[PDB]
Amino acid sequence: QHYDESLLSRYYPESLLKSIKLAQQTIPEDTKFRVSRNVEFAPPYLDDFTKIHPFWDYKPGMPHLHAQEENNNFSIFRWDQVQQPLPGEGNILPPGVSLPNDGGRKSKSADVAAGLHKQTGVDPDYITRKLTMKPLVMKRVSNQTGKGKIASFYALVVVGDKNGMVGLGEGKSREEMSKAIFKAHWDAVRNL
Amino acid sequence: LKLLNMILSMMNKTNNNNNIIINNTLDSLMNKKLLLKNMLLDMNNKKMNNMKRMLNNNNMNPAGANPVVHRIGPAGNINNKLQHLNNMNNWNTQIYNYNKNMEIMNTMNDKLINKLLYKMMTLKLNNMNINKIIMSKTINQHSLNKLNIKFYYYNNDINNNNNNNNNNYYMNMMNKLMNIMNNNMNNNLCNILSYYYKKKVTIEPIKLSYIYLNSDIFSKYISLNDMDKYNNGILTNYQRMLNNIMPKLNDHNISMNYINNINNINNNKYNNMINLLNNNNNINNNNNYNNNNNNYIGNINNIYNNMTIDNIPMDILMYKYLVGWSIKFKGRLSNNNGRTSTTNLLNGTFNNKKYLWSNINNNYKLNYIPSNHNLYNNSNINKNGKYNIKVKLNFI
Amino acid sequence: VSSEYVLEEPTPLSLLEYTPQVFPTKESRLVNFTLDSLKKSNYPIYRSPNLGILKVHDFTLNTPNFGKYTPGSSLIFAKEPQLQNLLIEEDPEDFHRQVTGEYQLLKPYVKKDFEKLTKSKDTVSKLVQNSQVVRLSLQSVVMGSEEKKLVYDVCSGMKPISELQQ
Amino acid sequence: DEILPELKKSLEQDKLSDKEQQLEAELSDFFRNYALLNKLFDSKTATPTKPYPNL
Amino acid sequence: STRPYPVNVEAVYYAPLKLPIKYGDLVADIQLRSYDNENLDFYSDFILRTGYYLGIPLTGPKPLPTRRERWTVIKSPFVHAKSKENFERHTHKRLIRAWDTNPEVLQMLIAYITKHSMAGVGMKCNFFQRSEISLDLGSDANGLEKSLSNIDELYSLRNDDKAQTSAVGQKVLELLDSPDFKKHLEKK
Amino acid sequence: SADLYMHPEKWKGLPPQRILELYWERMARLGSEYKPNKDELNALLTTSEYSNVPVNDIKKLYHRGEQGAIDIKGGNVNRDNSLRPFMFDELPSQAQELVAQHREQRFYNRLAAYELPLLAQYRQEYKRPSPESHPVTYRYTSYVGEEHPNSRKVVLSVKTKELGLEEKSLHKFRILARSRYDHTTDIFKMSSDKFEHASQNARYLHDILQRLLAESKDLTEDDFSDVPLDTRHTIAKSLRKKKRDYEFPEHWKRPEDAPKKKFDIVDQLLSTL
Amino acid sequence: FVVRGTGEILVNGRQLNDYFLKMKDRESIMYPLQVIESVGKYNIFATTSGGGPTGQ
RNA sequence: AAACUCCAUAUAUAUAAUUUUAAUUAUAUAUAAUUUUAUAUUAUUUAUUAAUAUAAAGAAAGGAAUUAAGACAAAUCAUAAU
Ligand SMILES: [Mg+2]
Ligand SMILES: [Mg+2]
Ligand SMILES: [Mg+2]
Ligand SMILES: [Mg+2]
Ligand SMILES: [Mg+2]
């Protein structure tokens, strides 16, 4: 057929040469092959099927339908870790996304500073180190609508650097006082 | 038979072209300077027709080609294993037997063994360590020779990552369970199930690290292990974590790049086939393709160029990111007011915009669940009554 | 990303135990008879074998009443024999019913028995007709040899109907 | 049916005995190179000094 | 240019190959049923691919009509009868006809496809046997002797490094090739 | 080889990764009657440098278990990692289902590439039974991996003209077969499912065939020449299948209007090759 | 099966009046022929299955 | 909400050695439409505009699944669970 003993041993393991030989001597040359359009059987990519690829072929020694090991041949005995992790880089981050980190989670002033730098170019270092935060009023505000009483969280906050700069901001949220004061702090920093 | 005389016939036709009784027509080189070129023109037009037949009747590509594209070929296929969930996965029990009574028997057995598997997960260590191993539903696979029970499990708390390798010298309360499932020689649960199914049985505990990668595990965990955080009211910290489990992904951009990648895949396969259609075929003379029924271009390595297992498989897979989730707590989760309460936490989106701009078409599981949605309800009992945790997740 | 692929050709021995249960071949009948004998004798087919490694937990569920309500009890766990020393039962009736294909056919009853029972002639003729009808109508029912024999006798009129365990 | 038979029944006459090997080999090479090896689409994948060139 | 890809691996990427019928007799008829045409057709393609290598002329996956069970049930646990909901179940049927093949080759085909049957599919096999009008059915000694000889020559072994074996098959041959089985015929 | 894990004595000189995966094997197997073994303990202490754990810790972990781990550390698990923000290091369950579909595809494709070729060793030349000498056809049914009762049914079909009967016995045979013979096709068909296994059903059909043939050949007492053949069952069958026997009238055919083949010299000048 | 000729029609191997007792059905069969005024220029051999008279 | 989807529509392609014939068929895949233009007339955010007129080209015209939030302390503790 295409290649008989053409260095085929160097490219395929000896265990398969018998199968290739049998195929050469059973499928005739000039066979009028035709691609199938009703059903799909081969992968969209091209593979010689001579190596068991992790995460794309069943892990040996682990139970799975279409397995050929007996109940006394399984070689998996630990289940505290994810069998068959992801290939390549081992991660599936979309384009333009970052792994979550601390990100100043310990202080929402860091988030406020980053947002205000993004929006208007003020100094995150200054906002995070030289500004003092102080709520003044934190109360529940209600609206009566068709469905019923919709309660809202209202906060007002003063932010000041103790050296002349001062501002106040009001923030209204629907879910939590924390988001209310976050919005208020944002507005105050804007309105210094 | 042979053109040696058809040439003379056509020369006579040229004479007629000038006049039916004239010697010859206007001849720059005795009708050879451009008549031969026109003959070659018609021959190459015949080649064009045969060639586009050649390419068309040998086309097979994954679906996802944006119609706006120009180089996209006429062929398309959505049934690629990586781009749609096989409908056999819709049903928890995957069987067909010509004996309907046996079929009913087997579905009964599947349900009962599933409930047993649920009951067999909880564990004790020292009377103040209660470990619950949340497990999804069981996927029963009934081949003609062997039965397989496959499920996804999430341990309540894996051993601390900061902890040293000390885990290598003892087997956890969960490792013991998973080992007695199918590793013990004459004692494994598969041996017992073989009596009920008169078949060879297998079990697969696929591990999951996060609870929100599956709708069953997520709802089960909320309804069984997080009661104290919402019994008298949903804790704000719990709500914050539950709402920020996943970042705000740009579904539009994700879908657009997926479609563009499929476009590139198809176009580069098309280019491979075209270069085999033109650059090759030199030594091998024409008419050996026998385009009537044979369509073999050449070496499969050349038809599939720069398409290995390292780049193609992963970028075409679907249902990969969680871009939306909704949680509903309903029932008497409040000592005060003694009434029903519903709390809904909705984040993200619930539409796959991949199907909106490409040729890939959605398929409804059980004819009512969109392919991209996975949802589950779990009911439990507290001192006030029954309450339900309903979770819906959208994967893009 | 590389792992060796080990090969083992699919020899007929490997493909055995999965030949059609009903095939047109005396060889197939012999093979299927042996497999059915193993299944009835509780060979470790469809499950892992019992080797003498586990001493306390070596149990099986293939009790005579498995799957049957009538006796009445909980799931009985019976200690299972080791792979060796396992007695295999071969029923000659099972052989002549799966391999060769012999059938009993309910050997008829003739006028002498009914004449002995009753002196009248019309009764004898009617009883013979009854026995013929029962003989040609009771074969299609899937039943055991002894029980079918008893039913045939009772409905013919030989044994009293008390033999049926009223 | 009304043309091809007449043209094909003249090859027996036109064969004659003149040497043709070289000429027919050259003609066959010409057909292979031009008709059968023409590239319909090529490849893997100045100063406009004169105005009104199309003119 | 690159590493060679032989015909065996190049065949996976094209439609399965068939062997022409040279006489025309139908030896077997395999009907595949499932609720999932995807697995149904994938497995049918696998069958048609193994038949070629094993030398069995197979016709191909003839699609027989699909059967639609229908039910209608009310949507409410209690009285709401004006609203009802319909449920359906489709059974998909494919047919593969095997012509001009020896019974043992056909046996081994069925055995291999059972070995590697998918999930959610079912096989019904109709086997046809040509026979003479009158059959000699009293042959016991020479009969079983020749039958066991055929068993031995079929399920033989010549390679001990490669290949796989079944304990059940080993025991089956062990008990078949035994003097107690020889006398089990007519020990009466 | 395989039984190495059952012999903790020969766990000497093995690499730590092999002493492990054998200790784990002994713990997985022997799950309920595992007993501590000094040989296992000694072979395990050699892996202290492998796993960077103290030997004094290995001993007490071996002799206590999970209680030993909670002794090594302080309070039990307290931090709730259930809602830990996603790291994009793992794939959802539905994605894993799709990946499993692809894994199955690759399994079957490797089979078709390398294992199916190896069963061409068993190709055999087809010995066709002589159709003259094998007129009867026995049909068997099998339901793989099931217990369908119909698996016991066997059918027998022959053609009457191929029985080897002279006209009189053939007529008698048809008459005695009654509804099991359709003259329009000349096929005698009869099936049996009244015995549990096919072996019997086939023998029973063969016996009825022999009995019918014997009676047909016996024309000394009665030959049933006066009785014509009954076809009413065949008529009933025919009424239940729509028939399409009409054929296109032959005089309406007009070949003189069929499409002719146009002459083009491209094929005549390119077919020489 | 339509082949040029006279105005002959055979429906399911039967005459038009035999198969179609309704006049409107015969007129409907004709209609193409009369819009192209070739009623007497083609022979029709029609074989139908399913539905009723009007459908066929 | 629309689309995506299922039953239907047309075309192709693939299977059936047309004696499971219904090839006038079966069901796998793909294409097509939530139709295009051309001049007419009223008009009018001016042409980039609709409503019609209907030369033309098209096989192309339906059906059902899906019924949000809030409510009526609507029905359901007799489907089961509480
Ligand atoms: Mg019928
Ligand atoms: Mg809608
Ligand atoms: Mg509503
Ligand atoms: Mg009431
Ligand atoms: Mg109740």
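Our subject is the structure listed above.
Presented here is an overview of the structure given in this document. (Residues numbered from 1 in each chain as written, not as in the entry; some residues may be left out. Chains lettered and ligands numbered in written order. Part of a larger assembly, values for the part shown. Heavy atoms only, no water. Residues with missing side-chain atoms left out of burial classes, pairs and counts.)

## Some points on the overall build of chain F
The line we're drawing: Each helix is a run of H or I in the DSSP string that is no shorter than four residues. Each strand is a run of E no shorter than two, and both are numbered from the N terminus. Here the radius of gyration uses the C-alpha set of atoms, whereas the globule reference equals 2.2 Å times the residue count to the power 0.38. For every residue, the accessible area obtained with a 1.4 Å probe (protein chains only) is divided by the maximum for its type, and the residue is called buried under 20%, exposed over 50%, and partly exposed between those limits. Contacts are assigned to residue pairs with any non-hydrogen atoms lying within 4.5 Å of each other. Computed with a 1.4 Å probe, the accessible areas rest on the Shrake-Rupley method; for each residue, only the protein chains presented here act as cover. Neither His nor the chain ends contribute to the count of charged residues, in which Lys and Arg are positive and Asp and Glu negative. By convention, charge coordinates are those of NZ in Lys, CZ in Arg, CG in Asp, or CD in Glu.
Helix and strand counts for chain F come out as 11 helices and four strands. Computed over C-alpha atoms, the radius of gyration of chain F comes to 40 Å, more than 25% over the 19 Å expected from 2.2 N^0.38 for 273 residues, which places it beyond the range of a compact globule. For chain F, the spread of C-alpha atoms along the principal axes amounts to about 105 × 75 × 45 Å. The buried share of chain F, taken over its 273 residues, is 44%. Of all intrachain contacts in chain F linking residues separated by at least 6 positions in sequence, the fraction that spans at least 24 positions is 54%. A total accessible area of about 15,300 Å² is found for chain F, and carbon and sulfur atoms account for 50% of it. Placing the 46 positive and 43 negative side-chain charges of chain F at their respective mean positions leaves the two points 2 Å apart.

## What about a negative patch on the surface?
Note the following rule: A residue counts toward a patch only above 30% relative accessible area and without a salt bridge, and it is joined to like-charged neighbours within 9 Å or, for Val, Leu, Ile, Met, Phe, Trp and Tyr, to nonpolar neighbours within 5 Å. Definition used for salt bridges: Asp or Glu carboxyl oxygen within 4 Å of a side-chain nitrogen of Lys or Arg.
A cluster of acidic residues, C:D36, C:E89, C:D91, C:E93 and C:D94, forms a negative patch on the protein surface. Summarising the element assignment, C:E93 is placed in helix α3 (residues 92-100).

## Quick notes on the environment of F:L61
One can find F:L61 in helix α5 (residues 55-64). Residue class for F:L61 comes out buried when judged on its relative accessible area of 2%. When neighbours within four sequence positions are excluded, F:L61 is seen to be in contact with B:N166, B:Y169, B:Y170, F:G68 and F:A69.

## Points about the pairing of strand β8 (residues 322-331) of chain B
Residues and elements named next belong to chain B. Put simply, the rule is: Pairing between strands requires that DSSP locate at least two bridges from one strand to the other.
Of all 10 residues making up β8, eight are buried, and the element is well covered by its neighbours. Across eight bridges, β8 lies against strand β13 (residues 385-395) in antiparallel orientation. Paired with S326 across the two strands is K392, which belongs to β13. Relative to strand β9 (residues 341-348), β8 runs antiparallel, the two sharing eight bridges. Its bridge partner being in β9, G324 is matched across the sheet by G348.

## Digging into the protein's contact with RNA strand H
Note the following rule: Here a residue counts as near a molecule or strand whenever at least one of its heavy atoms sits within 4 Å of it. Two N or O atoms form a polar contact when they lie within 3.5 Å of each other; inside protein one atom must be a possible hydrogen donor and the other a possible acceptor, and for residues adjacent in sequence the pair counts only when both atoms belong to side chains.
Neighbouring RNA strand H are 42 residues, the closest being A:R37, B:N362, B:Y364, E:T59 and E:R97. Atoms of RNA strand H within 4 Å of the protein belong to the sugar or the phosphate in 66% of instances, the rest to bases. Note that a base nitrogen of RNA strand H is positioned 3.0 Å from one of the side-chain N or O atoms of A:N38. F:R244 has a polar side-chain atom sitting 2.9 Å from a phosphate oxygen of RNA strand H.

## Quick notes on a nonpolar patch on the surface
Residues and elements named next belong to chain B. Residues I20, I21 and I22 make up a contiguous nonpolar surface patch of roughly 340 Å² in combined accessible area. With respect to the helices and strands, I20 occurs in the loop between α1 (3-18) and α2 (35-56). Classification of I20 by relative accessible area gives exposed; the value is 65%.

## Side note on the packing of aromatic side chains
Basically, it comes down to this: By convention, a stacked pair of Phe, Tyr or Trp rings (six-membered ring in the case of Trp) has centres within 6.5 Å and planes under 30 degrees apart, an edge-to-face pair has planes over 60 apart, and any other such pair is tilted. Charge-over-ring contacts are defined here by two conditions on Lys NZ or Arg CZ: a distance within 6 Å of the ring centre and an angle within 35 degrees of the ring normal.
Tallied over the entire structure, the rule returns 44 aromatic pairs over all chains. The interplanar angle of 75° and the centroid separation of 6.3 Å between the aromatic rings of C:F59 and C:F77 together place this pair among those described as edge-to-face. Of the two residues, C:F59 sits in strand β1 (residues 59-60) while C:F77 sits in the loop between β1 and β2 (78-79), which places them 18 residues apart along the sequence. Residue C:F59 is classed as partly exposed on the basis of its relative accessible area, which comes to 31%. What makes C:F77 partly exposed here is its relative accessible area of 46%. Ring centres 5.2 Å apart and planes at 25° place the aromatic pair C:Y109 and C:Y152 in the stacked group. On the criterion of sequence distance, the pair formed by C:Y109 in the loop between α3 and α4 (111-117) and C:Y152 in helix α6 (residues 145-156) is long-range, its members being 43 residues apart. The rings of A:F41, E:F42, E:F46, E:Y112, F:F107 and F:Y108 are connected pair by pair, giving a single aromatic cluster. Directly above the aromatic system of A:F182 lies the positively charged group of A:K108, at a separation of 5.4 Å from the ring centroid. The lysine or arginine in question, B:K354, covers the ring of B:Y258, its NZ or CZ lying 4.3 Å from the ring centre.

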